[PDB]
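Structure first, commentary second.
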Amino acid sequence: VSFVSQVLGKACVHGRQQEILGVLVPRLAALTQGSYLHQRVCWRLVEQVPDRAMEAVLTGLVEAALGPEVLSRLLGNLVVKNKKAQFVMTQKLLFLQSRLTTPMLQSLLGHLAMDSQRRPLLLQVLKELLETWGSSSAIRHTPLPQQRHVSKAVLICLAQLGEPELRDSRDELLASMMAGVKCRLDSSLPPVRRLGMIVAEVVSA
Amino acid sequence: XXXXXXXXXXXXXXXXXXXXXXXXXXXXXXXXXXXXXXXXXXXXXXXXXXXXXXXXXXXXXXXXXXXXXXXXXXXXXXXXXXXXXXXXXXXXXXXXXXXXXXXXXXXXXXXXXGXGXXXXXXXXXXXXXXXXXXXXXXXXXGXXXXXXXXXXXXXXXXXXXXXXXXXXXXXXXXXXXXXXXXXXXXXXXXXXXXXXXXXXXXXXXXXXXXXXXXXXXXXXXXXXXXXXXXXXXXXXXXXXXXXXXXXXXXXXXXXXXXXXXXXXXXXXXXXXXXXXXXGXXXXXXXXXXXXXXXXXXXXXXXXXXXXXXXXXXXXXXXXXXXXXXXXXXXXXXXXXXXXXXXXXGXXXXXXXXXXXXXXXXXXXXXXXXXXXXXXXXXXXXXXXXXXXXXXXXXXXXXXXXXXXXXXXXXXXXXXXXXXXXXXXXXXX
């Protein structure tokens, strides 16, 4: 794993998109198909900080790896999530950013994988996400990508949790909703904000 | 004026020992509010410093305590109304305060009232008021007391999250604005930036804009001592939050023009953190990187000082972590770096004496270095040998090893020849 990861890190650093992904794809397929403990091991083995975001990028390259990536990285997350840094960069990614049609799918599947690897990760993120829906300073700030991100989040959230989840989160949701409402009621993309409302509404009718 | 002021203070006093309830007094609150908006306006005037400060104090404190009482119990309409007016007043005060001193601290009591008061306080009224609070904290002591109390105390909802960080983004803008002028004023500005950090050391939330801003900013015209104080401030402001080492590292690596900031954050981690041998690793990484790149070539004006800064960051790191393995792989590296003047200074400093002498004893490390040098690269190898020699103890084994080195040394057709020259000197 050391050499592997060293190399991995290097690779990523050196070059994203094409290289990485091609390698990945082939590899993935094969590996997936025939490995479990070992699969997990290499995956796990992954490292660095340069390679953490290296891996962030890697992961997204793999996301772009699409549905193959989904099932296989459902298995790649099943190879490995191992708490710590995974969590760190998961939320790193959560926070930011650029391009997410891949992640919509990306988001979804990634989420799915990790969530189911280790339950309640999602919950926290979901919980975390609520806060993200807010504005004021944010209303003043940002571009429009944030909104994009927000939409995605909504979708995932809708998809899964416990039920119970709804209730408590609804506390927060309501709260969120109200302030958010105000803020986004002030949305140019008044309807964008409205769409969010409807989603939420639905969620805790 | 004095007579009227005396009557006002008396009245205030009376209401001080008669406000042990506070139920359905929304009316009182509102009346007071309009009156006092006007009163605050009038208040900005003169009145034997603290004759006015006392009056003001009563007003604020009293006012806020009541306005926010509204927020706690009662009706939102009334609350919003007061806030709008109060925010205006807050803005006004943020200007008056200085000369007042005692009443500047009375204005500080008003800001503490905002803290207790929560969301209303937080809003329009507290955008400018958060700015003023930052200023006050960076102006000092009592403010600090209250501030660190709130630094542990659920952080004032982490200074009201989004808004807290938006105020911090305003502060990022302000940092950019300081990069322009700011002598001691900006020193305190940075202090307040970090005051906010202590208050809501909500790193991520703060984030991006500010990050970039800071980066650029490390080059103030008026550095002096305030500058370095604030350098320490920002580095230590990073302290130990989310992205921490990693984030820091990223931006720093990009513009390897600021390893003093690397030191700063290195040391931030050193006196504020978590993941500790993992932080040793982070440190190690950055450190190693720094040396490897920088000492991979040469310099003259700026980067000689960059090497000096690198010694400083090595310092923070080394000491803080007792890292020894990571640390001394990079010391055998970084120690080997020493070279001229400043070098030696930095070396021992970073070394954190125990390990310095540990290395002094150390011979296995020496052998590692011997073969390292054998492989060679350039002048790095040359001076490695130089300081190895400096590190006198007893060759013995090293003497034999160096005989072999020489042999190689001797052989050298290329610059490996001058490497050998310096080596030979060392040997002598």
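Taking 0.36 nm per residue of sequence separation and subtracting the Cα-Cα distance, how much length would be gained by fully extending the chain between B:Unk375 and B:Unk293, in nm to one decimal?
Numbers: separation 82, 0.36 × 82 = 29.52 nm, distance 1.80 nm.
Stretched fully, the B:Unk375-B:Unk293 segment lengthens by 27.7 nm.
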Which whole-Hz couplings ³J(HN,Hα) result when phi for each residue of the range B:236-248 is put into the Karplus expression 6.51 cos²θ - 1.76 cosθ + 1.60, θ = phi - 60°, listed in order with x for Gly and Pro?
6, 6, 4, 6, 7, 10, 7, 4, 5, 3, 2, 3, 3
Over the range B:140-285, what is the relative contact order in percent, taking alpha-carbon pairs closer than 8 angstrom and at least six residues apart?
24
What list of ³J(HN,Hα) values in whole Hz, one per residue of the range B:342-355 in order, does the Karplus curve 6.51 cos²θ - 1.76 cosθ + 1.60 (θ = phi - 60°) give from phi, with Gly and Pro shown as x?
2, 3, 3, x, 3, 3, 4, 3, 4, 2, 6, 3, 3, 4
Reduced Cα scattering model of the range B:201-327, Debye log10 I(q)/I(0), q = 0.11, 0.20, 0.21 Å⁻¹:
-0.34, -1.17, -1.28
Loop sites only, by DSSP: take the trypsin sites (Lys or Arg not before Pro) in chain A that have at most 14 other C-beta atoms within 10 Å and name the longest stretch containing none of them.
A:100-205
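Restricting to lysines 8 or more places apart or on different chains, can you count the pairs in the protein assembly as shown with Cα atoms under 19 Å from each other? Don't skip to the end; give the middle numbers.
Details: A:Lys81/A:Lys92; A:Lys83/A:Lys92; A:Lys83/A:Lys127; A:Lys84/A:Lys92; A:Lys84/A:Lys127; A:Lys92/A:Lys127; A:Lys92/A:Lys152; A:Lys127/A:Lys152.
Count of close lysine pairs: 8.
Output the direction-averaged projected area (hull surface divided by four) of the convex hull of the alpha-carbon atoms of the protein assembly as shown, in nm².
If you wrap the Cα atoms of the protein assembly as shown in a convex hull and average its projections, you get 35.1 nm².
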Going by amide H atoms built from the backbone, whose H comes under 5 Å of the H on B:Unk139, apart from near neighbours?
none
May I ask for the distance between the Cα centers of the range A:1-76 and the range B:284-359, given as a whole number of Å?
34
Looks like the range A:43-128, by Cα gyration tensor root eigenvalues a ≥ b ≥ c and the a/c under 1.5 rounded cutoff (else prolate when a/b is bigger than b/c, oblate otherwise), is rounded
Percent relative contact order of chain B, based on C-alpha pairs within less than 8 angstrom and at least six residues apart?
9
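Can you tell me, using C-alpha contacts under 8 Å and at least 6 residues apart, the relative contact order of the range B:79-224 as a whole percent? Please list the in-between numbers first.
On the way: 157 pairs, mean separation 36.8, N = 146.
Normalised by residue count, the contact order of the range B:79-224 is 25 percent.
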Quick one: check the C-alpha center-to-center distance for the range A:123-175 versus the range B:144-181, whole angstrom.
24
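Grab the DSSP H runs of chain A that are 4 residues or longer, score each as -39,500 (n - 2.57), total them, divide by all residues and round the 222 nm result to the nearest 500 deg cm²/dmol.
Values: 12 runs with 161 residues, N = 205.
Calculated at 222 nm, the ellipticity per residue is -25000 deg cm²/dmol.
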Would you be so kind as to identify which of B:Unk134, B:Unk298, A:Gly34 lies farthest towards the positive end of the dipole of the protein assembly as shown, taking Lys and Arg as +1 and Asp and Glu as -1 on Cβ and the Cα centre as origin?
A:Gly34
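We place every Cβ from the backbone using ideal geometry, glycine too, and count neighbours over all the protein chains shown. Rule-based calculations on the coordinates, nothing more; no lab input.
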